[PDB]
There are 2 protein chains.
Amino acid sequence: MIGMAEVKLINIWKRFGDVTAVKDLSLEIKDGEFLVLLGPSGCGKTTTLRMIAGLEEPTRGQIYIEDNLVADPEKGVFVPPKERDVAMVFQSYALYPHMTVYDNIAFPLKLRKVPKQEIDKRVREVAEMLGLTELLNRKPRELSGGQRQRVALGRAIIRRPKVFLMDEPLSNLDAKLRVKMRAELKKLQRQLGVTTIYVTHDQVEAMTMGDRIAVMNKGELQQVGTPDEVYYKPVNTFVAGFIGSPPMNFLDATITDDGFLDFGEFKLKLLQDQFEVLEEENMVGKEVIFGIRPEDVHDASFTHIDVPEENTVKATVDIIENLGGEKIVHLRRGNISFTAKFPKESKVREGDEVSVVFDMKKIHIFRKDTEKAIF
Amino acid sequence: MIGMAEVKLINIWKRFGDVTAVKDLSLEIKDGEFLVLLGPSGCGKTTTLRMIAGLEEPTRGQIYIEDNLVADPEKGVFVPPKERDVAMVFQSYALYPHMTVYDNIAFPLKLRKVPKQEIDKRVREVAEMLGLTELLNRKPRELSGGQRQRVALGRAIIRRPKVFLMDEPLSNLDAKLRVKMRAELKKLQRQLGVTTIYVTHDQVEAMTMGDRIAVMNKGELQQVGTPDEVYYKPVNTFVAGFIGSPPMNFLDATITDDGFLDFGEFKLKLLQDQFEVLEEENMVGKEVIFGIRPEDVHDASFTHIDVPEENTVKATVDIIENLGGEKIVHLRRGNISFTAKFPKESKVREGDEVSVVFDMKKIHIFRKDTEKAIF
């Protein structure tokens with residue numbers, strides 16, 4: 001539920017001139033979790049990470065690490081990184097070419113006065129965890145692209161801070177290699193049990209590695225939750241449209257006292273409990289934003305959840321994307337447009353009028369004024 | 001089947017110094033089809049297109065357009081582009097800023113001595129086909145990104161050649177816009193009925209637009225066929241591994257006199273007709289390359305085509321990619337590695353030992369020596 005947060009930000013703001021990078025941010029990071037700060041370029045995630053590191057001071061607000069105040073500009077509290085016991089690691093820099101794998105990994109500790117024996121012990125442990133034991137005496141130029149990345153990882157997690165901080169450490173990495181590293185990095189984090197805050201703008205990387213994801217946009221926290229929560233239960237239209245591809249469909253609809261969503265060109269029958277939720281919030285008769293992912297709009301010929309006159313709609317095919325393993329079909333019904341996913345064996349052709357089925361178990365309704373989700 | 005090819009290349013070669021760009025290429029393009037030349041950077045597709053255009057002369061070989069020889073360096077035949085009646089269009093250049101939409105589209109014809117009246121007629125027809133009629137008197141800076149692309153398309157297909165030639169015309173285009181343009185361009189090509197040869201390195205664009213795709217690698221034609229043929233029936237391992245994502249799995253296996261494929265760590269039962277094909281080619285007892293797409297390797301818990309001891313295998317999960325709408329699972333069994341696609345609702349975790357099912361109806365067997373497909 002919620003015990004003592006390993007890291008806690010309270011009403012944190014960061015301004016650079018007349019530019020607000022981070023706005024009224026409150027967030028609690030759990031001890032031992034792998035927390036990903038996900039958001040588009042310029043959303044304030046890097047600034048947030050640097051403030052937690054102690055490399056930047058907040059403009060206002062408080063930051064705690066295990067209930068110890070490490071930052072509050074109004075109180076003259078700005079604890080240096082070293083005293084916070086949080087380490088910014090895996091930055092974008094090549095392996096030391098004139099150092100062996102052993103020394104590349106040992107360097108961070110050697111610079112921090114760790115006894116030679118302790119260093120040897122810790123370096124070998126890390127090497128074995130990354131399957132580098134037999135490469136210890138090799139020079140960077142003697143390794144393969146994959147091995148080099150593992151040495152860099154070893155060099156990054158050899159330290160034992162209270163919190164690891166990383167900012168897009170796999171940036172521009174070879175696709176195949178990046179996939180292996182995402183798994184490799186998360187495996188180690190779990191093995192070590194050290195709280196990790198990871199910044200990335202790559203949705204797949206976030207969804208793949210994070211125990212939880214903190215989605216940010218324009219300097220504001222949108223939602224924090226598990227990959228499933230941010231994917232299946234987005235709190236607003238930004239999160240709903242930011243996570244998942246192709247993008248979720250958004251359509252205007254009016255709630256009928258009859259238990260239907262009226263889109264004008266057609267109507268869809270709400271499940272009883274969804275209508276119940278809407279009645280309890282007095283939404284009957286109001287226009288809202290309807291959302292459904294393309295994966296939940298099915299070709300009538302390839303589904304058995306169809307309920308005539310309740311979740312089926314006839315529409316015309318305007319675009320067909322052949323992705324090989326599946327087809328992305330852009331449909332149109334009057335002035336309404338929505339996208340669906342059709343199986344690869346579908347013989348649909350552009351111009352065809354087809355019947356699709358909306359899986360009502362997977363829809364979302366957002367308030368049109370605040371765009372926050374009702375569900 | 002095969003009547004008179006609209007364009008035909010015979011034993012075509014193109015050398016630049018000691019670099020062979022195109023090697024012994026023979027290809028027939030059908031009248032009225034949209035043929036895509038697909039291949040990785042440097043495969044010779046652009047050189048091939050330029051030779052058909054008449055911008056470059058072959059080093060050797062013959063090129064015909066409707067049974068008329070337009071190129072043969074050994075015979076002193078090098079018909080200029082204009083006399084071939086094939087037009088290279090939609091090159092990468094901005095709309096003319098000081099010209100209206102009307103004139104932007106009319107320019108190609110105005111430069112070619114087409115009567116003012118004919119130009120007006122043809123320009124308006126093209127404008128109506130692209131939904132630009134009401135933008136005819138606007139200047140480029142008055143249009144939206146999407147409209148500008150349609151004007152550029154109009155400027156590209158206003159001419160009436162025997163063959164349209166295009167080289168990655170949607171390069172670096174806005175993703176969403178590129179999807180609409182692929183559909184828009186193919187719609188017009190079909191409307192006009194003009195043979196089109198389109199170069200691209202984007203598999204999805206090729207699969208989406210092409211009536212047929214000519215896959216090339218290192219200057220050599222690998223296969224020519226419909227999107228389904230190149231996807232479901234690759235002639236060799238290059239095509240099999242080049243089209244489709246994630247990449248098809250390739251594993252070494254020995255054919256048993258018992259009708260099984262022995263991978264060492266496990267065995268899979270071949271369907272009778274597949275074994276029959278292998279017996280007829282005397283492959284029993286030989287090692288071959290087995291191929292299966294990840295989409296055809298299923299989580300045992302989410303399939304009913306499982307046949308115990310014949311198409312089921314227990315393996316350990318090494319990597320899980322959470323793509324949101326699905327999970328890409330990298331499995332391992334001994335020293336054997338293969339990837340499968342698991343539904344998003346799967347609760348699989350890394351380290352888990354799970355049972356997967358191989359859909360034998362979708363496999364491929366390639367000769368290990370030539371890597372060509374038996375099926």
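Note: hydrogens, waters and symmetry copies are ignored here, and every other heavy atom, side chains too, is used. Naming convention: chains lettered A, B, ... in sequence-line order (proteins, then strands); numbering from 1 in each chain.
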inquiry  = Per the side-chain hydrogen bond (donor to acceptor under 3.5 Å, both in side chains) rule, what does the pair list look like for residues 53-62 of chain B, sequence neighbours excluded?
reply    =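 side-chain hydrogen bond (donor to acceptor under 3.5 Å, both in side chains) check on residues 53-62 of chain B returns B:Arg50-B:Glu56, B:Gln62-B:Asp72.
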Test item: [X] side-chain N/O and [Y] main-chain N/O as donor-acceptor pair under 3.5 Å:
X	Y	value
A:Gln149	A:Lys180	no
B:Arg333	B:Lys314	yes
B:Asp299	B:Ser301	yes
A:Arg148	A:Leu95	no
B:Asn11	B:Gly61	no
B:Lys14	B:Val22	no
B:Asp262	B:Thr254	no
B:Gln223	B:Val235	yes
B:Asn249	B:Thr339	yes

With the threshold set at 4.0 Å, does a side-chain nitrogen-carboxylate oxygen contact exist between [X] and [Y]?
X	Y	result
B:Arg293	B:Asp359	no
A:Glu350	B:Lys187	no
A:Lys347	A:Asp352	no
B:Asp369	B:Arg367	yes

Nearest 0.5 Å please: distance from the [atom1] atom of [X] over to the [atom2] atom of [Y].
X	Y	atom1	atom2	value
B:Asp306	B:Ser355	CG	OG	9.5 Å
B:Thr196	B:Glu33	OG1	CD	9.5 Å
B:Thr195	B:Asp31	OG1	CG	4.5 Å
B:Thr370	B:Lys368	OG1	NZ	11.5 Å
B:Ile374	B:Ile255	CD1	CD1	6.0 Å
A:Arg150	A:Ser144	CZ	OG	6.5 Å

Do you know which two heavy atoms are closest between [X] and [Y], and how far apart they sit?
X	Y	answer
B:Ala53	B:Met88	CB-CE, 3.8 Å
B:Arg84	B:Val70	NH2-O, 3.3 Å
A:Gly145	A:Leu177	O-CD2, 3.7 Å
B:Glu371	B:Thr237	OE1-OG1, 2.5 Å
A:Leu173	A:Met181	CD2-CG, 3.9 Å
B:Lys162	B:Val194	O-CG1, 3.9 Å

task = Test B:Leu271 against B:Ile363 for side-chain contact (heavy atoms from CB on, under 4.5 Å), laying out the working first.
result = CA-CA 10 Å; B:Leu271 297 180; B:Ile363 66 157; over 6 Å; no
Using a 4.5 Å cut-off on heavy atoms from C-beta on, say whether the side chain of [Y] contacts that of [X].
X	Y	value
B:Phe358	B:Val313	yes
B:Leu261	B:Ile365	yes
A:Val151	A:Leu130	no
B:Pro234	B:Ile243	no
A:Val354	A:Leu331	yes
B:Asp24	B:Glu220	no
B:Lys341	B:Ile328	yes
B:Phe242	B:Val230	no

Return a table of donor-acceptor pairs under 3.5 angstrom between the side chains of residues 278-291 of chain B and protein atoms on other chains or two or more places apart.
none

Pairs satisfying salt bridge (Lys or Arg N to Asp or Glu O under 4.0 Å), at least one member in residues 223-241 of chain B, at least two apart =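 Qualifying pairs, neighbours excluded: none.
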inquiry  = Working note: B:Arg15 + B:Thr20, criterion side chain to side chain donor-acceptor pair (under 3.5 Å); need CA distance, chi angles, decisive distance, verdict.
reply    = CA-CA 4 Å; B:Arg15 295 165 173 285; B:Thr20 301; 3.0 Å; yes
inquiry  = Heavy-atom count check: over 12 atoms from other residues, nucleotides or ligands less than 6.0 Å from A:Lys139 NZ?
reply    =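 Counting other residues, nucleotides and ligands, NZ of A:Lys139 exceeds 12 neighbours.
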task = State whether the number of non-hydrogen atoms from other residues, nucleotides or ligands found under 6.0 Å of B:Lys344 atom NZ is greater than 12.
result =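 Atom NZ in B:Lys344 is packed in, count exceeds 12.
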query = Does the side chain to side chain donor-acceptor pair (under 3.5 Å) test come out yes or no for B:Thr200 and B:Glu168, once each step is laid out?
reply = CA-CA 5 Å; B:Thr200 185; B:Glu168 203 78 79; 2.5 Å; yes
query = Who are the side chain to side chain donor-acceptor pair (under 3.5 Å) partners of B:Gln222, not counting sequence neighbours?
reply =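 Only B:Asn236 meet the side chain to side chain donor-acceptor pair (under 3.5 Å) criterion with B:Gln222.
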Would you list the atom pairs, donor with acceptor, under 3.5 Å between side chains in residues 37-48 of chain B and any protein atom, with sequence neighbours excluded?
{"unit_1": "B:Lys45", "atom_1": "NZ", "unit_2": "B:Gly39", "atom_2": "O", "d": "3.0"}
{"unit_1": "B:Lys45", "atom_1": "NZ", "unit_2": "B:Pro40", "atom_2": "O", "d": "3.4"}
{"unit_1": "B:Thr46", "atom_1": "OG1", "unit_2": "B:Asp167", "atom_2": "OD2", "d": "2.7"}
{"unit_1": "B:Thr48", "atom_1": "OG1", "unit_2": "B:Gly44", "atom_2": "O", "d": "2.9"}

task = Taking the six-membered ring for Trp and the full ring for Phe, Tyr or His, determine whether the centres of A:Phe342 and A:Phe302 are under 6.0 Å apart.
result = no
task = Go through the steps to decide whether B:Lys362 and B:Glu295 satisfy the test salt bridge (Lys or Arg N to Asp or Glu O under 4.0 Å), and finish with yes or no.
result = CA-CA 10 Å; B:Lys362 254 65 183 187; B:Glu295 73 193 341; over 6 Å; no
query = How are the rings of B:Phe366 and B:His364 set to each other: parallel, tilted or perpendicular (split at 30° and 60°)?
reply = tilted
task = Go through the steps for B:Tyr198 and B:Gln189 under the test side chain to side chain donor-acceptor pair (under 3.5 Å), then give the verdict.
result = CA-CA 11 Å; B:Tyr198 195 101; B:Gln189 183 281 327; over 6 Å; no
Table please: side-chain donor-acceptor pairs of residues 319-326 of chain B below 3.5 Å, with sequence neighbours left out.
{"unit_1": "B:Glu321", "atom_1": "OE2", "unit_2": "B:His330", "atom_2": "NE2", "d": "2.6"}
{"unit_1": "B:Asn322", "atom_1": "OD1", "unit_2": "B:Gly324", "atom_2": "N", "d": "3.0"}
{"unit_1": "B:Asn322", "atom_1": "ND2", "unit_2": "A:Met207", "atom_2": "O", "d": "3.4"}

key: From CA spacing to verdict: side-chain contact (heavy atoms from CB on, under 4.5 Å), A:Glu205, A:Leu185   = CA-CA 11 Å; A:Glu205 187 159 303; A:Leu185 208 165; over 6 Å; no
inquiry  = Please evaluate residues A:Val204 and A:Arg178 with respect to the criterion side-chain contact (heavy atoms from CB on, under 4.5 Å), reporting the C-alpha separation (whole Å), side-chain torsions for both, the decisive distance (0.1 Å), and the verdict.
reply    = CA-CA 11 Å; A:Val204 175; A:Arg178 192 164 183 171; over 6 Å; no
